[PDB]
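# An overview of the molecular structure
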Amino acid sequence: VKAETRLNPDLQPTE
Amino acid sequence: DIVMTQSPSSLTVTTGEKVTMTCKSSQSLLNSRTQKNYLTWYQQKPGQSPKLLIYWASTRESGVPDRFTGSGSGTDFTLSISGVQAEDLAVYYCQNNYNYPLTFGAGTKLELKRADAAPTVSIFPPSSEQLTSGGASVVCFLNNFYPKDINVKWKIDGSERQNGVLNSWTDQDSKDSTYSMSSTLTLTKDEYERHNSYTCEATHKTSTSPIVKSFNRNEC
Amino acid sequence: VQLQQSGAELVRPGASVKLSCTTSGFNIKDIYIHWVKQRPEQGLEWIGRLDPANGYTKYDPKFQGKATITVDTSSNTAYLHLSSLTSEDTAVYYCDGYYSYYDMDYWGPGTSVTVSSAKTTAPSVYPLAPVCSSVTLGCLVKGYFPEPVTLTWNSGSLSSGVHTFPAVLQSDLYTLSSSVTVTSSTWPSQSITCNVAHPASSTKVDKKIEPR
């Protein structure tokens, strides 16, 4: 799934 | 954890002027690789769900009016409204989208300033139906006034009463920018029948003398 | 446009509750769900987030022992479970769903949770006629629990010059009032009625405003 736009991409996905 | 500090907490402006509010974070919200600041702004109108306005510190979501601008980098950010309108009345929040937890700021409340307006006062004796139940409430309505600062006192037979009073205010109207208030004095049917004169006395900036509305129980 | 959330909940202290959020119009596996809390007259508070890619959830440390977010992909519904409720848990809980394919954020209407041991009570409605150009009439709704009650004038026909005040709680009972201003030609020649409905107690009542 495409990363959450407004959120910092380095946090995604939840480990 | 990253602390979000918003200021000012309250802001009163007149239609058409440029507004600016600040949001500061305890740590940088900048991602070096993407060169973007992950700060998000929301708007919450009275009684409604929040709405996202801007993300990445300065990118507007589709549909958001052009008068809403966001800027800043690192730890200092601002939201500006060019030509604030009557519908821009709301609370604005900034949020950390850089790292967990995604903390919100305390918010900045935006209110509108308009010309002073005197309150229209109306007093209402207890309805016969309530009296049959052994209760007696006297209602006083103070509608469409500005500014918000107002003081209401209840006088029974000339003496002030400070018990059994319940007040309530509406939010600032999104059209005429005025406020309205409701004050209810509740007594027992017995306590009510012991006195005669009931007075709702309001003190507002628009008058040097207190605005008085009254009635006598034994009359009709 | 807007997500669906479950109705208002009245729950007693110490008990738990489970709220739901259905993403009608979207496959929940493509949505990033967030739960946000808002106590009366206070600011927004982030509780946690559900990852659509693996089902893992992240929380704010202060909500870790109170909240639990789960999902049922088959029915497109996400849940928020709150345990050992106290008066600090009385608030409106919002469901936030971000759809990255449209770069759009969607919100639900919020679910109001009231933590109290008070019992459900139907309201007493009283018509307020002027004291014995323009004329202002009113309607007093007293002694009901819990919120909300909906009030309209003339079944909603009369909507201009109306002021409905926020309910105020006192000793486990709410009081609400409303005023309507009409021209002196409209009343009493034409009837004006106050209509009140209280969903929680399944009651309704109409009160006609008649001169004293």
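Residues numbered from 1 in each chain as written, not as in the entry; some residues may be left out. Chains lettered and ligands numbered in written order. Heavy atoms only, no water.

Method of determination, as given in the entry header: X-ray crystallography; reported resolution: 2.10 Å.

### Concerning the overall build of chain B
Along chain B, the regular secondary structure elements total 2 helices and 20 strands. Computed over C-alpha atoms, the radius of gyration of chain B comes to 24 Å, more than 25% over the 17 Å expected from 2.2 N^0.38 for 220 residues, which places it beyond the range of a compact globule. With the principal axes as the frame, chain B shows a C-alpha extent of 80 × 35 × 30 Å. Of all 220 residues assigned to chain B, the portion counted as buried reaches 50%. Within chain B, residue pairs in contact and separated by at least 24 positions form 58% of the contacts whose partners lie at least 6 positions apart. For chain B, the accessible surface area stands at approximately 9800 Å², while carbon and sulfur atoms represent 45% of it. The positive charge centre, built from 21 side chains, and the negative charge centre, built from 21, are 6 Å apart in chain B. (Helix = DSSP H or I, 4+ residues; strand = E, 2+ residues; numbered from the N terminus. Rg over C-alpha atoms; globule rule 2.2 N^0.38 Å. Buried < 20%, exposed > 50% of the residue type's maximum accessible area, 1.4 Å probe, protein only. Contact = heavy atoms within 4.5 Å. Areas by Shrake-Rupley, 256 points an atom, 1.4 Å probe, with all protein chains shown as cover. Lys, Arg positive; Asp, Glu negative; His and termini not counted. Charge placed at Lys NZ, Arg CZ, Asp CG, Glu CD.)

### Focus on the interface of chain B and chain C
Counting residues at the interface gives 40 residues for chain B, matched by 44 residues for chain C. For the pair chain B and chain C, the summed buried area comes to about 3500 Å², and 66% of that belongs to carbon and sulfur atoms. At the surface where chain B touches chain C, the tally comes to 1 salt bridge. Its salt-bridge partner being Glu129(B), residue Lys207(C) comes within 2.9 Å of it at the nearest N-O pair. In this assembly, chain B and chain C are joined by 12 residue pairs in polar contact. Element by element, the count of residues in the side of chain B that touches chain C is highest for strand β14 (residues 135-145) of chain B, at 5 residues. When its residues are assigned to classes, the side of chain B that touches chain C shows 20 nonpolar, 18 polar and 2 charged. (Buried area = accessible area lost by both parts, 1.4 Å probe. Salt bridge = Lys/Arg side-chain N within 4 Å of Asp/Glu carboxyl O. Polar contact = N/O pair within 3.5 Å; in protein donor to acceptor, adjacent residues only side chain to side chain. Nonpolar A, V, L, I, M, F, W, Y, C, P; charged D, E, K, R; others polar.)

### A closer look at the interface of chain A and chain C
Taken residue by residue, the interface counts 11 residues in chain A and 14 residues in chain C. Interface of chain A and chain C: buried area, both sides summed, is about 1200 Å²; carbon and sulfur atoms make up 49% of it. Ionic pairing is found between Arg6(A) and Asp105(C), a salt bridge with its closest N-O pair at 3.3 Å. At the junction of chain A with chain C, the criterion picks out 13 residue pairs in polar contact.

### Description of unusual backbone geometry
Across the junction of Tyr146(B) and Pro147(B), the peptide omega takes the value 0°, indicating a cis bond. Along the chain, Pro147(B) falls in the loop between β14 and β15 (150-156). With an omega of 0°, the peptide bond running from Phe145(C) to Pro146(C) counts as cis. In this fold, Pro146(C) is placed in the loop between β13 (134-144) and β14 (150-153). A positive phi angle, close to 70°, is found at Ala57(B), a residue other than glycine. The backbone of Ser171(C) sits at a positive phi, close to 60°, despite the residue not being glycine. Within the fold, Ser171(C) resides in the loop between β16 (168-169) and β17 (174-183). A relative accessible area of 66% places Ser171(C) in the exposed class.

### Looking at the state of the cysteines
Considering all chains together, one arrives at 5 disulfides over all chains under this definition. Each sulfur in the disulfide pair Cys23(B) and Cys94(B) lies 2.0 Å from the other. On the S-S bond that ties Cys23(B) to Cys94(B), the torsion sits near 75°, and the link is right-handed. Of this pair, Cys23(B) sits in strand β3 (residues 18-25) while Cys94(B) sits in strand β11 (residues 90-96), and the two are 71 residues apart along the sequence. Accessibility classification places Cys23(B) together with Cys94(B) in one group, the buried group. Covalent S-S linkage joins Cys139(C) and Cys194(C), the inter-sulfur distance amounting to 2.0 Å. Measuring the twist about the S-S bond at about -90°, one finds the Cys139(C)-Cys194(C) disulfide to be left-handed. Of this pair, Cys139(C) sits in strand β13 while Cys194(C) sits in strand β18 (residues 193-198), and the two are 55 residues apart along the sequence. (Disulfide = S-S within 2.5 Å.)

### Some remarks on the sheet that holds strand β1 (residues 4-7) of chain B
Residue and element names in this part refer to chain B. Taking strand neighbours across the sheet as the criterion, the 4 strands line up as β1-β3-β10-β9 in an open arrangement whose pairing is antiparallel. Strands at the two margins of the open sheet, each flanked by one partner only, are β1 and β9 (68-73). Across the sheet, the mean angle from the axis of one strand to that of its neighbour is 20°, orientation sign disregarded. In terms of strand pairing, β3 meets strand β10 (residues 76-82) through 7 bridges, oriented antiparallel. Within β10, the residue paired with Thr22 across the bridge is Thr78. (Pairing = 2+ DSSP bridges. Axes fitted to C-alpha atoms, helices over the stretch in contact; angles between N-to-C directions.)

### A word on the packing of aromatic side chains
Here a ring pair, both rings aromatic, is described through the centre-centre distance and the interplanar angle of the planes. One pass over the full model with this rule turns up 17 aromatic pairs over all chains. Pairwise contacts between aromatic rings join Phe26(C), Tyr99(C), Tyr101(C), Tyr102(C) and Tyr106(C) into one cluster. A cation over an aromatic ring shows up here: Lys36(B) above the ring of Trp56(B), its NZ or CZ 3.5 Å from the ring centre. (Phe/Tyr/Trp six-rings, centres within 6.5 Å; stacked < 30°, edge-to-face > 60°. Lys NZ or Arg CZ within 6 Å of the ring centre and 35° of its normal.)

### Re the pairing of β14(B)
Residue and element names in this part refer to chain B. Taken across its 11 residues, β14 has 10 buried, putting it largely inside the fold. Two elements, β14 and strand β18 (residues 179-188), share 9 bridges in a ladder whose sense is antiparallel. The partner of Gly135 across the bridge, within β18, is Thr188.

### Structural notes on the sheet that holds strand β20 (residues 211-216) of chain B
Residue and element names in this part refer to chain B. Strand order in the open sheet formed by 4 strands is β16-β15-β19-β20, with antiparallel pairing between adjacent strands. Because the sheet does not close on itself, it has two edges, and the strands there are β16 (159-161) and β20. When the angles between neighbouring strand axes are averaged without regard to direction, this sheet yields 30°. By the bridge criterion, 7 bridges tie β15 to strand β19 (residues 197-204) in an arrangement that is antiparallel. From the neighbouring strand, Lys153 faces β19, where its bridge partner is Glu201.

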